[PDB]
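Chemist: Take this structure, written in structure tokens, and hold onto it; I'll ask about it next.
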Amino acid sequence: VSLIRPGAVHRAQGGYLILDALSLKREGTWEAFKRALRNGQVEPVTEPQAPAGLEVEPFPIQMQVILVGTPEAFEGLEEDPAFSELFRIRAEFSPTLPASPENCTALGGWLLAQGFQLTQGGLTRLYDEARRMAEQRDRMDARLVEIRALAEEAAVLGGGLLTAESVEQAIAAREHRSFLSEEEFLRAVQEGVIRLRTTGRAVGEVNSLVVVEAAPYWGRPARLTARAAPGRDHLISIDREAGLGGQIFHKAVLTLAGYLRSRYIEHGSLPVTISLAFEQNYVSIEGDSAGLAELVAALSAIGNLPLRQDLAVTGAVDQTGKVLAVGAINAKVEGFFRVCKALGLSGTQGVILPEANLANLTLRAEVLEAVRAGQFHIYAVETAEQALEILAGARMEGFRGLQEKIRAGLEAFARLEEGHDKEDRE
Amino acid sequence: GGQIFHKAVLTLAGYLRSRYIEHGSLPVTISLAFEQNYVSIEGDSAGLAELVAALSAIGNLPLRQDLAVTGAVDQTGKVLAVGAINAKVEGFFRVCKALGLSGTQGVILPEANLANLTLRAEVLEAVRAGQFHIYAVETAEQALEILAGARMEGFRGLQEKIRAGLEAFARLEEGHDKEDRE
Amino acid sequence: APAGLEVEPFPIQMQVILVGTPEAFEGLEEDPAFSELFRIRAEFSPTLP
Amino acid sequence: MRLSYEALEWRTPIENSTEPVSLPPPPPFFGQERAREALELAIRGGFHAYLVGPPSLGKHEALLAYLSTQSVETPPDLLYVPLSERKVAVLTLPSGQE
Amino acid sequence: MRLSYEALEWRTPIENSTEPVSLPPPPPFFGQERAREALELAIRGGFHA
Ligand SMILES: *[B]([O])([O])[C]([C][C]([C])[C])[N]C(=O)[C]([C]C1=[C][C]=[C][C]=[C]1)[N]C(=O)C1=[C]N=[C][C]=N1
Ligand SMILES: *[B]([O])([O])[C]([C][C]([C])[C])[N]C(=O)[C]([C]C1=[C][C]=[C][C]=[C]1)[N]C(=O)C1=[C]N=[C][C]=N1
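Chains as they are written, first to last, in UniProt numbering: chain S, 294 to 719; chain X, 538 to 719; chain P, 343 to 391; chain F, 1 to 98; chain E, 1 to 49.
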């Protein structure tokens, strides 16, 4: 009798047992644990080498077991109908918390109880960095361990005290420790290895913004170019028909095709074929970013429109022409600003971003300082027409309009195609 | 041909289309091939070389064979940077020296790779002596201008020669379709 | 071991440092537990000025 | 539209930063009233609950802190007693009597 | 553009090569200040790097 060892069930009698769903399912003990919970009784696990074994009475279960883990661990168990009635109560942890002065004070109190010494400015900067980490302006990040780690780094860089300078140094060091890839990209851009036009205007090309998959927190401009040729309506995205474009990118080409069709109908179809391709190969597409960038580049190629190359363009677009939000807008904006600063700010560089992402704009101190100084210009747009108007610097409607230029370009391409078919049936 | 090479043919097709539109399409088919089989392609090297060869074939343009051409190209016509530019330049210089330098051999390389040019002592000595000529280009037009030794624009231009070649090919194609519907 | 010794767990007061090519690290960075253990990333530049 | 700095400015301003802050510890599951209410209901009712959230958020630490401040009637002493050299049963005794 | 030898010349010139060099040992992680700073932070803080 004295050899029965007490497990988690025995020690949690009359209280609460806390388990991890992913670890519970990893060991394969879910069935036996579920049966024990159903019966309310359980016996200690016995070795198969027992000749007769002890006649252990089942141990009554009077606890409240609580499973803690990521949801993905729970869609591995929620399909079981027996799991539903056992766990009638679902406690879901919000990925973000409301960015309010009460929440900032609560975070400061939590950090003080954690053992760190904070100042008002240090707490303010921690609150701001948590908001930026959540990617939303009015929602802080709920991952308290990440903020605790950043606070630890700030304490180390500041001798224990969490002043504003110390936390700023900690954030700068965290950015710089993974900055090697961006440093190499900036060196290549400066040396001319990767040529990006951040000054002047060019036709059929635009500085699309991408976020590297190897580290989905570093943005960098990608020189997308579009070329318009007469022919069939099919739109070519050369970087997709090589094994790189994803399923999400599949929707993008059809979306631009539908918008280009429905928006411009004075022939039965689009008399042009559009070839979309970035200059580089680090842009293996997974997602609907760029978007608006591809659309404005294709429209400029169709209408022979010199787009302002100093303004980067990002943001997904629909077949209606409305510009949709994209993730990691801060990373894209900061990357383009870094590239422009490497080549030197001319007081006109900027980023074309959707107005939907305006609630996600948590740009760093340097970018906001540049915007205040007038060296950088953040543009918010709703529809692709506004973005192309900003790029070309003129209105769509009216004479010398962008829409009439695109229509004239399409008409010229149709005339050349009909000349070709005229020579065909001669 | 590799996956990286797959987008290369589309890139040249797009550039050849968008750059030369006086018919509804390109009235020619271009057959790209190396004479040898040790060139199993993995990457976008050559590039500009393929483009200038195709353009010369279209326009009946005798390219200077003493100048090697390397470097990727985009559908805009800008010449892209490539890796191991030093190896390519040194190999071409070695081949030219084996057959004897005539004082005009050289390499057409993108200006983007100028920051990667770390040529050996012999190549730099030959360049200083004038026996070798390293050329740096930004767009395919410059490279083909160097190859053909004449300007794109103006009369007796390269662009007008390519346009005339495309026009002649279109005339022959429309003669074929004329005989077709007769 | 028939019964084995009742060894007390050894306290860990060390600072582990992992050295290797990145390709070895994309074999481990996906683990969420690896992130908070190794809060400091030391990346070696392939080139020097 | 050309955004201005004021519309883009998001960092909360600081009027004094040279002094330490002294704030009381926050309640567990602060800013997460949904989960706190779920735990309150599961504790009052005795139901089995489960915590769901993004990884590396502090769910375990916050849950432990919240459960520490809880107060329940002292559990009875549960222990195995052998009815024989082969038969052993479960015995329930008042707390502290084992 | 026809590059000249001066633009192509990249080897640093030598004005004297017949004498031995006597230089102090460089600091560890020389030319790699990113990694050196990462190690400094990980050592001061005791974090795992
Ligand atoms: B995007 O951010 O949606 C963009 C869309 C494309 C049309 C320009 N693509 C990318 O940025 C891709 C896909 C991606 C991966 C991970 C997160 C988000 C998006 N990535 C890259 O740019 C990339 C991929 N591999 C290496 C380097 N960079
Ligand atoms: B290239 O260097 O990009 C070139 C492109 C092609 C259009 C002329 N191809 C090659 O040089 C190929 C592919 C390659 C392999 C390894 C590194 C870089 C490029 N290689 C060869 O020429 C080759 C292949 N097998 C045997 C011998 N040579």
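Each residue gets a CB set at the ideal place from its N, CA and C atoms; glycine is no exception.
Going by C-alpha to C-alpha distance, which of S/449, S/432, S/379, S/332 sits closest to residue 11 of chain F?
Modeler: S/432
Chemist: Around the C-beta of residue 670 of chain S, are 16 or more other C-beta atoms found within 10 angstroms, so that it is buried, or is it exposed?
Modeler: buried
Chemist: Pick helix, strand or coil for residue 623 of chain X, following the three-state DSSP scheme.
Modeler: Three-state DSSP puts residue 623 of chain X in a helix.
Chemist: Run the CB neighbour count on residue 581 of chain X, radius 10 Å, all protein chains shown included, and call it buried at 16 or more, exposed below.
Modeler: buried
Chemist: So, does the CB of residue 655 of chain X fall closer than 7 Å to a CB anywhere in chain E?
Modeler: yes
Chemist: Only counting the same chain, and skipping five residues up and downstream in sequence, which positions put a Cβ closer than 6 Å to that of residue 388 of chain P?
Modeler: Hits under 6 Å: none found.
Chemist: If contact means a Cβ-Cβ distance below 8 Å, which residues of the region 303–324 of chain S contact chain F?
Modeler: 303, 306, 307, 308, 309, 311, 314
Chemist: For ligand 2, is there any heavy atom lying closer than 6 Å to the beta carbon of residue 578 of chain X?
Modeler: yes
Chemist: Determine, using beta carbons only, whether residue 33 of chain F comes closer than 7 Å to chain S.
Modeler: no
Chemist: List the endpoints of the continuous beta strand (DSSP E) containing residue 385 of chain S.
Modeler: 382–385
Chemist: Distance check for residue 53 of chain F and residue 280 of chain S, CA to CA, integer angstroms please.
Modeler: For chain S, the structure presents residues 294 to 719; residue 280 of chain S sits outside this window and is missing.
Chemist: To which residues of the same chain is residue 89 of chain F closer than 7 Å at the C-beta, ignoring the five residues directly before and after it?
Modeler: In the same chain as residue 89 of chain F, and ignoring 5 residues on each side of it, the C-beta atoms closer than 7 Å to its own belong to 81, 83, in chain order.
Chemist: Out of curiosity, what's the CA-to-CA distance linking residue 604 of chain S and residue 603 of chain X?
Modeler: 42 Å
Chemist: Distance, Cα to Cα, residue 687 of chain X vs residue 608 of chain X?
Modeler: Whole-angstrom Cα-Cα distance: 21 Å.
Chemist: Let me see if you follow: with CB-CB separation under 7 Å, is residue 400 of chain P close to chain E or not?
Modeler: Because chain P spans 343 through 391 in this model, residue 400 of chain P falls outside it and cannot be assessed.
Chemist: Secondary structure at residue 576 of chain S, three-state DSSP: helix, strand or coil?
Modeler: Residue 576 of chain S: coil per DSSP, three-state reduction.
Chemist: With three or more beta-carbon pairs closer than 8 Å as the criterion, would you say the region 469–485 of chain S touches the region 624–643 of chain S?
Modeler: A contact exists between the region 469–485 of chain S and the region 624–643 of chain S.
Chemist: At what residue ranges does the region 650–718 of chain S contain a whole run of the beta strand (DSSP E), taking only runs of 3 or more?
Modeler: 669–674
Chemist: Can you list, in chain order, the residues of its chain whose CB lies under 6 Å from that of residue 533 of chain S, leaving out five sequence neighbours each side?
Modeler: 542
Chemist: Using the beta-carbon of each residue, which ones in chain X are nearer than 7 Å to residue 9 of chain E?
Modeler: Neighbours of residue 9 of chain E on chain X, chain order: 661.
Chemist: Just curious, the alpha helix (DSSP H) that residue 305 of chain S is in, first and last residue?
Modeler: Premise fails: residue 305 of chain S is in no alpha helix (DSSP H) and is neither H nor E.
Chemist: Residues in the region 348–380 of chain P with C-beta within 7 Å of chain S's C-beta atoms, listed in sequence order?
Modeler: 378
Chemist: Below 8 Å, how does it come out for the region 523–539 of chain S and the region 674–690 of chain S: are there three or more Cβ pairs, yes or no?
Modeler: no
Chemist: Taking C-beta pairs closer than 8 Å, name the residues in chain E that residue 473 of chain S reaches, listed in chain order.
Modeler: 34
Chemist: Residue 449 of chain S versus chain E: which residues are under 7 Å apart at the beta carbon?
Modeler: 41, 44, 45
Chemist: Ligand 1 and residue 568 of chain S: does the residue's C-beta get closer than 6 Å to at least one heavy atom of that ligand?
Modeler: no
Chemist: Since residue 626 of chain S meets chain X, which of its residues come closer than 9 Å, beta carbon to beta carbon?
Modeler: Near residue 626 of chain S there are no residues of chain X at all, since even the closest Cβ is about 25 Å away, more than 9 Å.
Chemist: Would you mind telling me which residues of chain E sit closer than 7 Å to residue 665 of chain X, beta carbon to beta carbon, in chain order?
Modeler: Using a Cβ-Cβ cut-off of 7 Å, residue 665 of chain X is close to 5 of chain E, given in chain order.
Chemist: Give a yes or no on whether the C-beta atoms belonging to residue 382 of chain S and residue 49 of chain F are separated by under 7 Å.
Modeler: yes
Chemist: Going along the chain, which residues of the region 420–439 of chain S sit with their C-beta nearer than 9 Å to a C-beta in chain P?
Modeler: 438, 439
Chemist: Any contact of the region 400–416 of chain S with the region 440–453 of chain S, i.e. 3+ C-beta pairs under 8 Å?
Modeler: yes
Chemist: Going by DSSP in three states, residue 589 of chain X sits in which element: helix, strand or coil?
Modeler: helix
Chemist: Could you spell out where the beta strand (DSSP E) holding residue 357 of chain P opens and where it closes?
Modeler: Per DSSP, residue 357 of chain P is not a residue of any beta strand (DSSP E), being assigned neither H nor E.
Chemist: Using a Cβ cut-off of 7 Å, pull out every chain S residue sitting near residue 19 of chain F, in sequence order please.
Modeler: 412, 413
Chemist: Is it the case that the Cβ atoms of residue 501 of chain S and residue 583 of chain S are separated by a distance below 7 Å?
Modeler: yes
Chemist: Residue 659 of chain X to residue 666 of chain X, Cα distance in whole Å?
Modeler: Approximately 10 Å between the Cα atoms of the pair.
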